[PDB]
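Each of two forms of one protein chain follows alone as structure tokens, named structure 1 and structure 2.
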Structure 1
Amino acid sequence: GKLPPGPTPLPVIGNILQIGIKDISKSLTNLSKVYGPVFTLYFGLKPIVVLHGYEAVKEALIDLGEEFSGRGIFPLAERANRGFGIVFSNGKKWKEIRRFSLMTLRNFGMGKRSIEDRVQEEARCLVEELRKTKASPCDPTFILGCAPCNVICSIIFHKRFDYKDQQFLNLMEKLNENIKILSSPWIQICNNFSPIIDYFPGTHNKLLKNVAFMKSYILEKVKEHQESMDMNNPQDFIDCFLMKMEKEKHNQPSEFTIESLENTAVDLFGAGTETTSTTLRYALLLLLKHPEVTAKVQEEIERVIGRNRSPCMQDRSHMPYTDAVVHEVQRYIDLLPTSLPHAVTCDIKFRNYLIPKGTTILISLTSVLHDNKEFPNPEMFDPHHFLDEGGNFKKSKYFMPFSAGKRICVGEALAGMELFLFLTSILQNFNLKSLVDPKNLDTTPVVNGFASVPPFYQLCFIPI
């Protein structure tokens, strides 16, 4: 090797990296091999305490659940006055709003129409829309995004929309824009480790504008609801919230305000749309990649549900294989590898450490969902991670895709309904045909700053 002469070396070419959440999570696991299950990362003078492995996560989020139930401060969210909902609130405000929302989402105050009724209706509309693709190759991203968005619409203001309604398209457009901004990959430039969009000029303003747009649209619905508010006839989240505001009068200052109603409603759209959509889209990809799994799901659907009626949640206890498949989708894909960041609510002694009030806590959900003792070969998609040796469904304490403790996803039950009812309804009515031969079908996730996101794929929905 004797290359021609030339100038003194220039900067490095083609080695600037877009860091996704799955790469962050891999580094966290690597660091746990050096420092153990509880360690601190410093970003300048800001410490972040990482919890890695089931025993650390359980001891903190569950055994000390109150102390680890804080959210912390996010500056851009504070500019949008977002701390007045569920996701970003803390202390007394969070406790009452999350409790109120939980019970509303378990059919208290929501009228006769159950949450399951609303999901079932959306499931039938979802199947109709898949029919309209006429078995031609289809990128399912849009249709699978509409259905969970429509479920939240029906819960919050008792309205679902045709997938071509402009009002509905406008709302999803802003939600998709915000999700794209907020979940962009990371990058290190000089002594800075930052989201990429922090460099992109219009991003922070577009996020604030879209959030203002969404709150303003919800406010328009709230005013309509105020015209007929009826303590004896609430029928959606807005009605329930307004009834609570009525009962909390004279007890000022209430946590329940129009400002709190708008941020809670925005929270539910942002937390409940793209998580479910992305899990569904990933589910269909895994079902294309694993045709023998799909055949057994469809066999189980035929013998428990048949083809004459819609799936319902009572069917799931009789469909252990399908239940294992849905669980395994969520465990395998590891949708939110580091959940959402917590903070401790007070000074707390934790093992040999003293964690001051307000310290950021980062939870490795990957380290639990992919525990190689609880789930041997955890890198592999295998419904038998949730079946015992007799083929019965096997619940795991390591099933934490909604996190754990006091901040566990408030939509856990609703998301489980949407996953089970939508996937069984699709597979009750359609065979899935991949253009690619399954053996050559790529399932490697794409880089994303917050979530595990599946690659692009198309498929045919072939009616039965």
Structure 2
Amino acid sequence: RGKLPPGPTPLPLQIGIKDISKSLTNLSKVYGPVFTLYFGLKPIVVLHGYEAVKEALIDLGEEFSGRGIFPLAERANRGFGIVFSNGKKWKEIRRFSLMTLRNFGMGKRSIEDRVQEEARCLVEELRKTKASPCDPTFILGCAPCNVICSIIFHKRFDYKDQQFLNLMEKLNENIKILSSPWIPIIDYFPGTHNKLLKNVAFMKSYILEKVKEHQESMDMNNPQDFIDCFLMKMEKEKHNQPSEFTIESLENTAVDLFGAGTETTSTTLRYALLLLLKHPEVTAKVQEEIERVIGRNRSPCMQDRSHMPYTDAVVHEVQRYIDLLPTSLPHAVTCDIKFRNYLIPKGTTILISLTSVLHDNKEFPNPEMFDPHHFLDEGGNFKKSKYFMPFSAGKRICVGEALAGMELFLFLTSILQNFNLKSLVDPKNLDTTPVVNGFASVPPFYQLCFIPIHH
């Protein structure tokens, strides 16, 4: 009825995502590009190298857009959102969210507008450190978080408003938790599965505080944020019950936006700065290139990216080098399917090695090293690449690819606009090797001085 690919024989101290993705490459060398790990009798077919991931996610896009069940499910039921939702709930909501996240029925003010307001609120806050050493984690995590508030509620929040420090205390708890290394099973369990639940319930509850307030004032002819907009779709598509667009889904879709939208971004910001210290000649050119195009008066902006081949390459390379999410999130096929020489039954969990594709040794020669010129033709022009998948590929591609890209580019340039960066350690020995993690490439702890600018 269905025949998986060959893999090692089933079943197989502190082990992390960077390590799992290594093991997966080792097994590529033995078994070929497509193979199968068992886990008792849970088959997880893994997918490695560009040709397989292209073939599967892109050329068989629909058949591979399912969501793997993960390590677990959760009876607080998070699969009425985007990340963990499926079939037709997913099709309709993703589409909606997509379009909302690109200025359709969300007031006049744009998403670029918003990352720009924060971009400034963020440089302000980085001047409070007075040039004195500083761990960017808190500040850098606050920005992307506040953007999601703003897209969703329409008010960002001073970096002191308790309502905020609570929201972000809860997100950081789910971080320490989920970025838990493995050992055969993930590490955690001991009294944390219920602090996970408690916290999700807090979050839903709070989005619901704000949803009530939004329903107080609703109005076809004036949406201004996700919640408004969503409620409007719940109107246009009534008498067409039962619906995918309900309150139950609004709530888990927003929770989803904060979850996906924050630590992935802030982690990359954290890693973008770290790499800036360790590579003072690159920061130099970037900062220069920022002089030549944007100066010190105005705010940076998405139109300047295209006049900035070196800066756009640096981000790309920050995003490719760090390998934020070695294996994406897990996939699952939507139905039975013949893929190359194999029938994979409906349901089967698919795992994608983004490491394998971002870290290809032919397309990115010397791929272990960090080098802007990986995204530069021999003439120093900007080189786009079919192999660029920080955000995955195909129909489940990060629904915030464009926004992630906005916050990275606007925030980083802003930071580079107003400040030189001074590492405590001498760049020369500064270790950058990432700390062991449950599902992401996270950087070591570091400090830096944000010195107001001088040439």
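For the two forms, the rigid core is made up of the largest set of C-alpha atoms that agree within 1.5 Å on superposition. Here, a residue number simply tells you its place in the sequence of structure 1, counted from 1.
Once the core is superposed between structure 1 and structure 2, every option in 142, 74, 353, 108 stays below 2 Å in C-alpha shift except 74. With the core held fixed, the Cα of residue 200 is displaced between structure 1 and structure 2 by 2 Å or more.
Relative to the superposed rigid core, residue 372 shifts its CA by 0.3 Å between structure 1 and structure 2.
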